Amino acid sequence: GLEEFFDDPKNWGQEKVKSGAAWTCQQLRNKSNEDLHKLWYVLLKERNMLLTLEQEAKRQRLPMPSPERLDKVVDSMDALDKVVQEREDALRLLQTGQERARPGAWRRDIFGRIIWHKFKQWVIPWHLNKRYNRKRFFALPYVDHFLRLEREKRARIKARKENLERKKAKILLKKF
Amino acid sequence: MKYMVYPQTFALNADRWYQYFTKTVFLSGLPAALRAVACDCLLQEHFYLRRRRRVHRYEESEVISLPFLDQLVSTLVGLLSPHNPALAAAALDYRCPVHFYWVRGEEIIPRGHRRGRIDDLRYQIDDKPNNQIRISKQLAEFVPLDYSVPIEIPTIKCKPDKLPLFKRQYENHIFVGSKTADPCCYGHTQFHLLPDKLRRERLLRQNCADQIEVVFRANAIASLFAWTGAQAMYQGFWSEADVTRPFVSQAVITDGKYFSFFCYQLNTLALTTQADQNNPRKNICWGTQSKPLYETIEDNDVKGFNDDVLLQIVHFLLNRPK
Amino acid sequence: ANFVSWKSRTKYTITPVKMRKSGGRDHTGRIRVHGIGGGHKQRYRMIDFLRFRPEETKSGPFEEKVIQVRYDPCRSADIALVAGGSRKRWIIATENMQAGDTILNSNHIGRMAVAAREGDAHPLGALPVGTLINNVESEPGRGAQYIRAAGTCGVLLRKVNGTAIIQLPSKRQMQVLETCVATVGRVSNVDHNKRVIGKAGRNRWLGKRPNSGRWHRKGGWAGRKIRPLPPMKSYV
Amino acid sequence: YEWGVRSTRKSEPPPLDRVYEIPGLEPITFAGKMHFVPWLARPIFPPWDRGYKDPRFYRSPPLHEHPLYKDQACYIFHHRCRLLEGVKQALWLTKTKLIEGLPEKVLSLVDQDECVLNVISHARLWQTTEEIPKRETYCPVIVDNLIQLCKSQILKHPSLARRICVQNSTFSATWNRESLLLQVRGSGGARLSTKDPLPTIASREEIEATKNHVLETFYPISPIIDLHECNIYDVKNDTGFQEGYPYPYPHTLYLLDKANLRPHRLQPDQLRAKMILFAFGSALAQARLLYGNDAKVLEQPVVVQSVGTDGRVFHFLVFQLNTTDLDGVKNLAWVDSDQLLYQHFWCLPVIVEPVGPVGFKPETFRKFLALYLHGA
Amino acid sequence: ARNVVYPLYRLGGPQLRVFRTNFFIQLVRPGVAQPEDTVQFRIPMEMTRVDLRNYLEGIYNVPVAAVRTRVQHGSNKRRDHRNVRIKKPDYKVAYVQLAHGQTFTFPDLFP
Amino acid sequence: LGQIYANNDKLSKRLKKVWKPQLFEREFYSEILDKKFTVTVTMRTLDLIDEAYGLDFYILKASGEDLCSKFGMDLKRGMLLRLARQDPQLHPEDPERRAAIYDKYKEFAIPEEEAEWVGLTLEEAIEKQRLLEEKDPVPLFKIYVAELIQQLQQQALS
Amino acid sequence: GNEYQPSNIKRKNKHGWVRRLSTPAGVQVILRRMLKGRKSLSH
Amino acid sequence: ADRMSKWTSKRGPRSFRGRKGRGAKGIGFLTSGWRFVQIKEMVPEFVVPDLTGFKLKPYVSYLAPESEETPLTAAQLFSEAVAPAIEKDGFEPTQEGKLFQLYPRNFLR
RNA sequence: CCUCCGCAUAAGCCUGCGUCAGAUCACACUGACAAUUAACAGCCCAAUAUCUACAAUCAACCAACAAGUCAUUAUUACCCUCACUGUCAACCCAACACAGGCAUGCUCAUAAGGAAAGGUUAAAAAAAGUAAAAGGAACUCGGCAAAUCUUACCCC
RNA sequence: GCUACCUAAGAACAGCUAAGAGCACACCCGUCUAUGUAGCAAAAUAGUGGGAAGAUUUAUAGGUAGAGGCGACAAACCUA
RNA sequence: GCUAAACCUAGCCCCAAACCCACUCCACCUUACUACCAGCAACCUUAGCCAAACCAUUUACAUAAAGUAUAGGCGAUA
Ligand SMILES: [Mg+2]
Ligand SMILES: [Mg+2]
Ligand SMILES: [Mg+2]
Ligand SMILES: [Mg+2]
Ligand SMILES: [Mg+2]
Ligand SMILES: [Mg+2]
Ligand SMILES: [Mg+2]
Ligand SMILES: [Mg+2]
Ligand SMILES: [Mg+2]
Ligand SMILES: [Mg+2]
Ligand SMILES: [Mg+2]
Ligand SMILES: [Mg+2]
Ligand SMILES: [Mg+2]
Ligand SMILES: [Mg+2]
């Protein structure tokens, strides 16, 4: 029912509602995948409800009753995501021995800076793909100069940073 | 710019809204050779007639059904020309358009440079009735001019735009199957087929199973009403110069299996707020629920063929202008 | 500079093909030919200039019926719709050719030297000396390139060995192989020459933009040149 | 000469890298990577084919290997096929005789106009919302109206109840001639079907008479000329219905000629020819259905009618089909060519002339009525 | 799920599953005074009408009769101490009709 | 690509000039490759070939900087490879012939691994290297299993 | 005045990222923009 | 003509506006007379579990004690399925013939 | 009292007089909060072959010329249905809340849509209009401008 | 994206007289006068005019670019 | 007495030393920031201002030898 998008009717108009802590990583880590899935859906609905409440508050010009709870929920969700993801990664490592799922290949584009070109997934092979051969992954001589310039710029910035730090240190020393 | 009314609408609870727009009262119920012919018609398209190119579900209601419907119309008419001499004289139109333009209600303009200005909000029903039978003599009355029937019309608690209903500005159009220079200005049996969008299977798939009948009802309310309006216009009559006669017309929407039967009673064109204030009149519509003309076809044999449906059709056809 | 030439139709057809205008611009997009453009819209009728080509899986001399004689917007001469056997085609119309008429196409290099009629095509070897001809090929099987304009004609001057000598519409003369085809008579729409344009508007319609205002001085070239005719050119 | 032009023919592939000629080393190419590179040689990949079979990117086999490709070229007729000539060509194809007037029986079966006028008016002005309806609208409409009017005599004639006009009605018929194979395909027009067959117009003596006059030759415009030359044709003939369909007997082919442009429409002779062909084809199909597939001179010659097209002009045709063995006696069609109700309709008035039709002649209408009646 | 690579469906392979949904929603009071049975949600831009229908039916066990989405432009005309255009985010609104004459009035929170 | 003074006085005008070699197109049979290569070949190249007698010899002898072409380099590499492998260029029925051919070029003939890399660009070389050491990443699970096995063995020993 | 007559399609065809990437000059333009650190590198 | 503002589906002309979309992800293809073909398999159906009789609430009591964190590496996982190996003294060589592929992911989320 | 203007669509722009709260010619300016729902319109169409002579002009006569804008067919291939986007506004290009510029469809006095006059006075000079005795081009470079109109003749 | 010219594929032209015809709307241009001349405006307003079924006007998309383009030469126009 | 004045510390400059930068997910060469279908490809002396009081050959781009030998409208200058 749509009553799931709102909390307990008792809690409407309290200014403060009791919500005890977020799911920590270790606890989450120790629950099972089936359990975890179930937990996710429980979390989700709660999150939705919180969002709705927030929206209502905004509409009303009134402050939230217990906004920290939403944050906690979010944190919990994040933790859950991390745990499951970690597990998946581990599994992948065990099976194929691959870091990440979605593959790439460290490709040097037009502008010469090396992109992690994440692969896009589709039906025909590359050599008879019209829109992918026009995507060029090589520099040509004019780019090198620009790269050099960029590098120089970067170096300048670095120098500025370093010198500034030193100056600050000196100032501090002088003070104390 | 006017609210573009669609008789065969996907909108839910469209009926009440439609009624409000029109100002109707809807009510339940009405105010062997033939059978064989019907069976033959059913068969022809579904079996006997060999298709060249392959038939598809998107292509089903166009290719199979409309022609069958047409056949039913024409053959039936031929049969009943002895039974009724008016249908011999009466013209018949396949897919010819029907347009009608009314004004129902006021609206203070919400925003812009025209804000806080009275705007009489406009409607238009356009239509292509699968086919229709147009007579020169006007049909009878059904129910008397100014019949009370105290059942009450829907509210319209919110804006017309809240229902899926959209405004546009294109040429205004009040028009029957033909133009003014014509003897055959009246009519008595509009046939519709619902599109592929409002197949009952689709409805079932969606949670809207209560809106199966509703759609048909809405359609009946719309197209018929429009036709009536057109007829009225062609014999003078406005909002202000209200109809003296009761303009009547009948119709039978359908689907390949499922038919239902709808007569319309047009007592008013006085839908503007200027006229409504002193208005005891209201337009009427009576109709049956969608009963299947038949169950199913296996090869070249209908499983169960319903004669009751056929009888209704015959009745609709067979009524005369007094 | 986008420029796909419209001439991309590989298959022969009778149907008239949509013609893109050039304006006198090249594929580079610059004007190479001044004073062109802005005329009436036109469609191309594909003209079969290889007069003796046989219909598919046949070899002998090809008879033809004239179905129609029409105006071609693409050119000065008027054109004829020929039919024969299974196939139809457009040819350039000879003078006086009308619908219903029957035409002959031949490959037959006769030692008899058979006389011919104003519509029909023959090898030059079969044609009597002194007959007027049009749509003359340069080589055998090459296709008819010469004497195609409204009202024009060349005349067969003599035969020497396996070659014939033609006088072109410019009286400059041309030696052509005996077996090369031509069609007897003069090109149709004779008196095209006598047409008076009447107004600038007509000229514009024809797709000819006006001359430039810049006053040029006349130079060395501009005196009249009385010369002998250039030496008869051969293709053997 | 070679039409095509070099630039617009697909670009010639760039020359194969010179390393490939050297036997025998591994050419280092950009197929190791998955992008193009200008240094690094061009790789040569094998011709890819797809494992699964998507209909939305389906590539068919060549005309060499198709499941029913024949070597003898068939020649097939259509609604679109519009033949150079003419009535004569059609006759030749069909093997038949053209008589200048409709038969006497039909005429007799005739022996009022306001209705016709109304119908005409309705088609040419009244039916649509916009002013002046176009031909793709009115031409079929007029015909339909006429048909309806004819039907309105069911009160007069009780036998008219046992018919049905149908719209899609595709069909086929295949035969040899000189001998070259020859085919007809179905309609894009209406078809009046009846339970009883039509009666014979000509006697068996008359048919014997036809033998004397030779079918016209007309060189060099040979048949088959304009018809669609075709391989992969399939020789099986076909009526428009499965077995057991009531109202199976083709009374009149109500085909029509819409097309708002002058070019897309038929020219009248061509139209007539087409009609004749249709008549033959349906008749032939009927004959096939009736008798064996083996050819002969017929005992009962089947009759089919076909009205001509267009809102203005009307070509009537009744076809007798008496010989399923072509290549002796021949068939005998008769036509009333280009008879026409009403010359020109003024949808708007003029500045003097009214807004109705003009030059209305009811003879055409009468003829139509007669045609409709034939069986009863 | 939002911000995820979707697997390719070539022709006759498996049904696409979503275990663990990334997008989450919020039902709101309609300002313009909607009719009975129409519930309005603010939705992530990546979510489809169909997805919304599915999402409600599965997780909330609600009978959805119709869904009509609509993207809403968030305002850009707003500037800072720097005179840089702050943009309100564009967002998607749904108008979801409930089935079987279920009906729904939005509750009075913050009484 | 240079400049010329107009009539070879410096006080006359200076104007740019491009001096082109006189190019040709000619076939060359190469004993080591057993194939006829059509080549763009200047007169100078021909002369060089004549001097070194064989085209193959020229290819071999000519120092990489001297040779002046990518194609030439490639050819040289191929020749080297052939020399190394001792692969059948003349197939069977000509082993003696093959041997004889080989004996013509006992000079040169570098180890098989070096001759692969000969006459390459930098980028090409890099690509080759990449190809050589690409592989699939080995499953960590397998490694773990191996480790476990080792541990077990150790335990058994002790 | 009023020499600008906005039309998005034209603009994108004229000055767009794709057009700049098509030519070496265009590429250089983008590189220049990058080097300056400009926020909008193409149109 | 602001090129600081983000390009979007609202911004162009008619033909431009209908092409783009937001990050919506397509349900099907389109054919014939622009008739769209909603394929069931491309639509993601949400596999929702049964929460009836599920004690895990969305928050965790303050009385619950804290523990030291442990990043779940592959080694640990292996160890947690090393008992069988030990007993002997559970792996795919390829997972191409498999519905749920761990590397080039099929499974959504 | 004006209406030499209105409603739409296209293009363009992109929340730019909607609710509440707030401040400082007269009080569309900031902050929050709402808002535009598809059927209209965008977003198309599996191959290989093979076909497309007869304009448009109420298309009927006439009548032409500058020679034109709307077509299939054969065989093979095929069941899955309505996704995604635009849809606000007093609006765009002209630095401006600028007498300018701005495509098409309707409406041709408007059923739309506006306000020429902050208040007084009634001087000069200036601007726009109307008035005119008698004369009537005498004005002036020239009947320029104006109000009634129309004669004859040169030059290019 | 202004203008110069072109290519593609669209659109508009009432009413009266009777054909690059006449009068005359809408549109196009800009003769002469007055006002304006830091202006309503970096070329406008008011009137008065030339054109207005054509060598016309014009919405959209494309093309030619500087030692060049484009030009019914005015050494015009090529974003004040 | 109003307008205003004033105010150090943001940071920056020049060295030194050391070889830098660059995948939370998703998107991004199609009209970039767009989930999903059958064809091309990069290299080619710099010039001119200017100086020679104009202007055409011509004019630079660790220390010491050395501004030496040489070059050069045998001059500017190199
Ligand atoms: Mg001149
Ligand atoms: Mg609007
Ligand atoms: Mg008003
Ligand atoms: Mg005022
Ligand atoms: Mg004042
Ligand atoms: Mg006076
Ligand atoms: Mg004087
Ligand atoms: Mg004057
Ligand atoms: Mg004129
Ligand atoms: Mg005029
Ligand atoms: Mg000009
Ligand atoms: Mg001059
Ligand atoms: Mg100097
Ligand atoms: Mg000087």
# chains A, B, ... in the order shown; residues from 1 in each chain; ligands from 1
$ residues_near_ligand --ligand "ligand 11" --cutoff "8 Å" --atoms "only C-alpha atoms (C1' of nucleotides) and all ligand atoms" --output "PyMOL selection string"
chain J and resi 4-5+71-72
$ residues_near_ligand --ligand "ligand 1" --cutoff "7 Å" --atoms "only C-alpha atoms (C1' of nucleotides) and all ligand atoms" --output "PyMOL selection string"
chain C and resi 212-215
$ residues_around --residues "range 35-38 of chain E" --least-positions-apart "4" --cutoff "8 Å" --atoms "only C-alpha atoms (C1' of nucleotides)" --output "mmCIF file with C-alpha atoms, in the first residue's frame"
data_model
loop_
_atom_site.group_PDB
_atom_site.id
_atom_site.type_symbol
_atom_site.label_atom_id
_atom_site.label_comp_id
_atom_site.auth_asym_id
_atom_site.auth_seq_id
_atom_site.Cartn_x
_atom_site.Cartn_y
_atom_site.Cartn_z
ATOM 1 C CA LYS B 157 -13.828 18.286 -9.068
ATOM 2 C CA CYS B 158 -10.593 19.334 -10.854
ATOM 3 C CA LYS B 162 -5.949 16.790 -15.384
ATOM 4 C CA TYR E 95 1.081 11.012 -12.401
ATOM 5 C CA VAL E 96 0.037 7.495 -11.377
ATOM 6 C CA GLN E 97 -3.633 6.460 -11.499
ATOM 7 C CA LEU E 98 -4.651 3.757 -8.983
ATOM 8 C CA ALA E 99 -6.707 0.738 -10.088
ATOM 9 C CA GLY E 101 -11.245 2.541 -7.716
ATOM 10 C CA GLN E 102 -8.667 2.382 -4.910
ATOM 11 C CA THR E 103 -8.595 6.166 -4.235
ATOM 12 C CA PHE E 104 -5.966 8.130 -2.267
ATOM 13 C CA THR E 105 -5.974 11.437 -0.373
#
$ closest_residue --among "I:63, I:40, I:124, I:5" --to "ligand 2" --atoms "only C-alpha atoms (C1' of nucleotides) and all ligand atoms"
I:40
$ residues_around --residues "residue 151 in chain A" --least-positions-apart "4" --cutoff "9 Å" --atoms "only C-alpha atoms (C1' of nucleotides)" --output "number ranges by chain"
A: 146-147, 155-156; K: 20-21
$ select_by_dssp --residues "range 173-316 of chain B" --states "strand (DSSP E or B)" --output "ChimeraX atom specification"
/B:175,186-191,247-254,258-266,283-287,291-292,294,297,302,305
$ select_by_dssp --residues "range 23-135 of chain D" --states "alpha helix (DSSP H)" --output "JSON, numbers by chain"
{"D": [87, 88, 89, 90, 91, 92, 93, 94, 104, 105, 106, 107, 108, 113, 114, 115, 116, 117, 118, 119, 120, 121, 135]}
$ interface_residues --of "chain I" --to "chain H" --cutoff "10 Å" --atoms "only C-alpha atoms (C1' of nucleotides)" --output "list in words"
residues 10, 11, 12, 13, 14, 41, 42, 43, 44, 45, 80, 81, 82, 83, 84, 85, 86 and 87 of chain I
$ atom_distance --atom1 "CA of residue 24 in chain D" --atom2 "CA of residue 53 in chain F"
23.8 Å
$ residues_near_ligand --ligand "ligand 12" --cutoff "8 Å" --atoms "only C-alpha atoms (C1' of nucleotides) and all ligand atoms" --output "list in words"
residues 214 of chain C; 73, 74 and 75 of chain J
$ residues_around --residues "residue 41 in chain A" --least-positions-apart "2" --cutoff "10 Å" --atoms "only C-alpha atoms (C1' of nucleotides)" --output "PyMOL selection string"
(chain A and resi 36-39+43-47) or (chain E and resi 19-21+59) or (chain H and resi 48-51+58)
$ write_last_selection --atoms "C-alpha atoms" --output "tab-separated table (two decimals), in the first residue's frame"
chain	number	residue	atom	x	y	z
A	36	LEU	CA	21.32	-8.89	2.47
A	37	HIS	CA	18.96	-8.67	-0.50
A	38	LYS	CA	15.97	-8.70	1.85
A	39	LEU	CA	17.57	-6.03	4.02
A	43	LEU	CA	16.06	-0.12	3.66
A	44	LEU	CA	14.79	1.17	0.32
A	45	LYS	CA	11.22	1.70	1.37
A	46	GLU	CA	12.34	3.46	4.55
A	47	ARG	CA	14.58	5.74	2.49
E	19	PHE	CA	18.21	-7.40	-7.85
E	20	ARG	CA	18.95	-4.44	-5.56
E	21	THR	CA	17.50	-1.25	-7.12
E	59	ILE	CA	7.91	-3.40	-3.71
H	48	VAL	CA	11.31	-8.47	-4.80
H	49	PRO	CA	11.59	-10.96	-1.90
H	50	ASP	CA	8.99	-11.93	0.74
H	51	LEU	CA	9.42	-9.65	3.79
H	58	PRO	CA	16.34	-0.74	8.96
$ atom_distance --atom1 "CA of residue 9 in chain C" --atom2 "CA of residue 4 in chain D"
5.3 Å
$ atom_distance --atom1 "CA of residue 318 in chain D" --atom2 "CA of residue 259 in chain D"
24.9 Å
$ residues_around --residues "residue 75 in chain F" --least-positions-apart "4" --cutoff "10 Å" --atoms "only C-alpha atoms (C1' of nucleotides)" --output "list in words"
residues 18, 19, 21, 22, 23 and 25 of chain D; 30, 33, 56, 59, 60, 69, 70, 71, 79, 80, 81, 118 and 119 of chain F
$ write_last_selection --atoms "N, CA and C atoms" --output "PDB file, in the first residue's frame"
ATOM      1  N   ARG D  18      52.407  -3.403 -48.444  1.00  0.00           N
ATOM      2  CA  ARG D  18      53.465  -4.080 -49.186  1.00  0.00           C
ATOM      3  C   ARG D  18      54.153  -5.196 -48.381  1.00  0.00           C
ATOM      4  N   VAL D  19      54.018  -5.163 -47.054  1.00  0.00           N
ATOM      5  CA  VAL D  19      54.550  -6.218 -46.181  1.00  0.00           C
ATOM      6  C   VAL D  19      53.898  -7.577 -46.474  1.00  0.00           C
ATOM      7  N   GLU D  21      53.082  -8.985 -49.231  1.00  0.00           N
ATOM      8  CA  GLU D  21      53.727  -9.687 -50.350  1.00  0.00           C
ATOM      9  C   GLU D  21      54.942 -10.537 -49.947  1.00  0.00           C
ATOM     10  N   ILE D  22      55.587 -10.201 -48.827  1.00  0.00           N
ATOM     11  CA  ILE D  22      56.834 -10.856 -48.412  1.00  0.00           C
ATOM     12  C   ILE D  22      56.535 -12.226 -47.780  1.00  0.00           C
ATOM     13  N   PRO D  23      57.010 -13.331 -48.404  1.00  0.00           N
ATOM     14  CA  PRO D  23      56.855 -14.655 -47.802  1.00  0.00           C
ATOM     15  C   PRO D  23      58.096 -15.049 -46.975  1.00  0.00           C
ATOM     16  N   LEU D  25      56.450 -13.815 -43.147  1.00  0.00           N
ATOM     17  CA  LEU D  25      56.609 -13.220 -41.817  1.00  0.00           C
ATOM     18  C   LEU D  25      55.263 -12.741 -41.280  1.00  0.00           C
TER      19      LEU D  25
ATOM     20  N   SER F  30      63.895 -12.311 -56.281  1.00  0.00           N
ATOM     21  CA  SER F  30      64.758 -12.469 -55.110  1.00  0.00           C
ATOM     22  C   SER F  30      64.896 -13.947 -54.736  1.00  0.00           C
ATOM     23  N   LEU F  33      63.631 -15.242 -51.390  1.00  0.00           N
ATOM     24  CA  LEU F  33      62.175 -15.158 -51.252  1.00  0.00           C
ATOM     25  C   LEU F  33      61.397 -15.970 -52.295  1.00  0.00           C
ATOM     26  N   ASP F  56      69.098  -9.507 -53.554  1.00  0.00           N
ATOM     27  CA  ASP F  56      69.104 -10.041 -52.185  1.00  0.00           C
ATOM     28  C   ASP F  56      70.340  -9.564 -51.443  1.00  0.00           C
ATOM     29  N   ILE F  59      70.135  -5.956 -50.561  1.00  0.00           N
ATOM     30  CA  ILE F  59      69.204  -5.818 -49.438  1.00  0.00           C
ATOM     31  C   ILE F  59      69.918  -6.111 -48.126  1.00  0.00           C
ATOM     32  N   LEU F  60      70.673  -7.201 -48.144  1.00  0.00           N
ATOM     33  CA  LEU F  60      71.453  -7.650 -46.981  1.00  0.00           C
ATOM     34  C   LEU F  60      72.592  -6.664 -46.651  1.00  0.00           C
ATOM     35  N   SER F  69      64.334   2.746 -47.162  1.00  0.00           N
ATOM     36  CA  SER F  69      62.902   2.453 -47.256  1.00  0.00           C
ATOM     37  C   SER F  69      62.373   1.483 -46.212  1.00  0.00           C
ATOM     38  N   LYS F  70      61.121   1.674 -45.812  1.00  0.00           N
ATOM     39  CA  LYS F  70      60.439   0.732 -44.934  1.00  0.00           C
ATOM     40  C   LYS F  70      60.243  -0.616 -45.609  1.00  0.00           C
ATOM     41  N   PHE F  71      59.875  -0.579 -46.884  1.00  0.00           N
ATOM     42  CA  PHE F  71      59.643  -1.790 -47.665  1.00  0.00           C
ATOM     43  C   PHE F  71      60.925  -2.612 -47.759  1.00  0.00           C
ATOM     44  N   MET F  79      64.229 -11.837 -45.397  1.00  0.00           N
ATOM     45  CA  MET F  79      65.385 -12.589 -45.893  1.00  0.00           C
ATOM     46  C   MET F  79      66.144 -13.213 -44.727  1.00  0.00           C
ATOM     47  N   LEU F  80      66.358 -12.390 -43.709  1.00  0.00           N
ATOM     48  CA  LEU F  80      67.072 -12.800 -42.496  1.00  0.00           C
ATOM     49  C   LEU F  80      66.362 -13.977 -41.843  1.00  0.00           C
ATOM     50  N   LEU F  81      65.047 -13.838 -41.743  1.00  0.00           N
ATOM     51  CA  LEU F  81      64.186 -14.866 -41.142  1.00  0.00           C
ATOM     52  C   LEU F  81      64.340 -16.183 -41.891  1.00  0.00           C
ATOM     53  N   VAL F 118      64.377  -7.079 -36.724  1.00  0.00           N
ATOM     54  CA  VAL F 118      65.110  -6.278 -37.720  1.00  0.00           C
ATOM     55  C   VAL F 118      64.149  -5.501 -38.619  1.00  0.00           C
ATOM     56  N   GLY F 119      64.515  -4.258 -38.931  1.00  0.00           N
ATOM     57  CA  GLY F 119      63.763  -3.431 -39.870  1.00  0.00           C
ATOM     58  C   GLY F 119      62.351  -3.129 -39.421  1.00  0.00           C
TER      59      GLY F 119
END
$ residues_near_ligand --ligand "ligand 10" --cutoff "9 Å" --atoms "only C-alpha atoms (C1' of nucleotides) and all ligand atoms" --output "PyMOL selection string"
chain J and resi 22-24+50-52
$ residues_around --residues "residue 76 in chain B" --least-positions-apart "4" --cutoff "10 Å" --atoms "only C-alpha atoms (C1' of nucleotides)" --output "JSON, numbers by chain"
{"B": [34, 35, 37, 38, 70, 71, 72, 80, 81, 313, 314, 317], "D": [161]}
$ write_last_selection --atoms "N, CA and C atoms" --output "PDB file, in the first residue's frame"
ATOM      1  N   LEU B  34     -30.261 -14.418 -41.709  1.00  0.00           N
ATOM      2  CA  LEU B  34     -29.422 -13.338 -41.181  1.00  0.00           C
ATOM      3  C   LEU B  34     -28.236 -13.917 -40.418  1.00  0.00           C
ATOM      4  N   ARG B  35     -28.561 -14.880 -39.565  1.00  0.00           N
ATOM      5  CA  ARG B  35     -27.574 -15.572 -38.728  1.00  0.00           C
ATOM      6  C   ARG B  35     -26.505 -16.216 -39.604  1.00  0.00           C
ATOM      7  N   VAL B  37     -25.727 -15.490 -42.666  1.00  0.00           N
ATOM      8  CA  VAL B  37     -24.972 -14.415 -43.322  1.00  0.00           C
ATOM      9  C   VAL B  37     -23.856 -13.926 -42.403  1.00  0.00           C
ATOM     10  N   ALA B  38     -24.234 -13.708 -41.150  1.00  0.00           N
ATOM     11  CA  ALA B  38     -23.314 -13.234 -40.115  1.00  0.00           C
ATOM     12  C   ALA B  38     -22.147 -14.206 -39.963  1.00  0.00           C
ATOM     13  N   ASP B  70     -17.758  -3.989 -42.228  1.00  0.00           N
ATOM     14  CA  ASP B  70     -18.324  -3.367 -43.430  1.00  0.00           C
ATOM     15  C   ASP B  70     -19.291  -4.329 -44.113  1.00  0.00           C
ATOM     16  N   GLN B  71     -18.823  -5.565 -44.248  1.00  0.00           N
ATOM     17  CA  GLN B  71     -19.595  -6.637 -44.882  1.00  0.00           C
ATOM     18  C   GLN B  71     -20.913  -6.842 -44.149  1.00  0.00           C
ATOM     19  N   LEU B  72     -20.800  -6.892 -42.829  1.00  0.00           N
ATOM     20  CA  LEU B  72     -21.949  -7.083 -41.934  1.00  0.00           C
ATOM     21  C   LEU B  72     -22.973  -5.980 -42.161  1.00  0.00           C
ATOM     22  N   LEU B  80     -32.374  -6.423 -45.052  1.00  0.00           N
ATOM     23  CA  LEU B  80     -33.453  -5.692 -44.383  1.00  0.00           C
ATOM     24  C   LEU B  80     -34.094  -4.579 -45.234  1.00  0.00           C
ATOM     25  N   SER B  81     -33.700  -4.459 -46.505  1.00  0.00           N
ATOM     26  CA  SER B  81     -34.332  -3.506 -47.432  1.00  0.00           C
ATOM     27  C   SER B  81     -35.806  -3.849 -47.734  1.00  0.00           C
ATOM     28  N   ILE B 313     -28.816  -5.705 -33.065  1.00  0.00           N
ATOM     29  CA  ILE B 313     -28.314  -5.046 -34.278  1.00  0.00           C
ATOM     30  C   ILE B 313     -29.455  -4.829 -35.264  1.00  0.00           C
ATOM     31  N   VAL B 314     -30.228  -5.893 -35.445  1.00  0.00           N
ATOM     32  CA  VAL B 314     -31.377  -5.898 -36.357  1.00  0.00           C
ATOM     33  C   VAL B 314     -32.365  -4.804 -35.957  1.00  0.00           C
ATOM     34  N   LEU B 317     -31.090  -1.401 -36.729  1.00  0.00           N
ATOM     35  CA  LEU B 317     -31.204  -1.187 -38.174  1.00  0.00           C
ATOM     36  C   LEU B 317     -32.642  -0.882 -38.536  1.00  0.00           C
TER      37      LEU B 317
ATOM     38  N   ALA D 161     -30.350 -10.828 -52.961  1.00  0.00           N
ATOM     39  CA  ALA D 161     -29.932 -11.119 -51.586  1.00  0.00           C
ATOM     40  C   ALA D 161     -28.804 -12.158 -51.476  1.00  0.00           C
TER      41      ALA D 161
END
$ residues_near_ligand --ligand "ligand 3" --cutoff "12 Å" --atoms "only C-alpha atoms (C1' of nucleotides) and all ligand atoms" --output "PyMOL selection string"
(chain B and resi 114+117-118) or (chain I and resi 1-3+6+109-115)
$ decode --residues "range 172-176 of chain B" --atoms "C-alpha atoms" --output "CSV table (one decimal), in the first residue's frame"
chain,number,residue,atom,x,y,z
B,172,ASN,CA,-13.2,24.5,-36.0
B,173,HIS,CA,-15.5,22.0,-37.6
B,174,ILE,CA,-19.2,21.1,-37.3
B,175,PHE,CA,-19.8,18.3,-39.8
B,176,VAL,CA,-21.8,15.1,-40.3
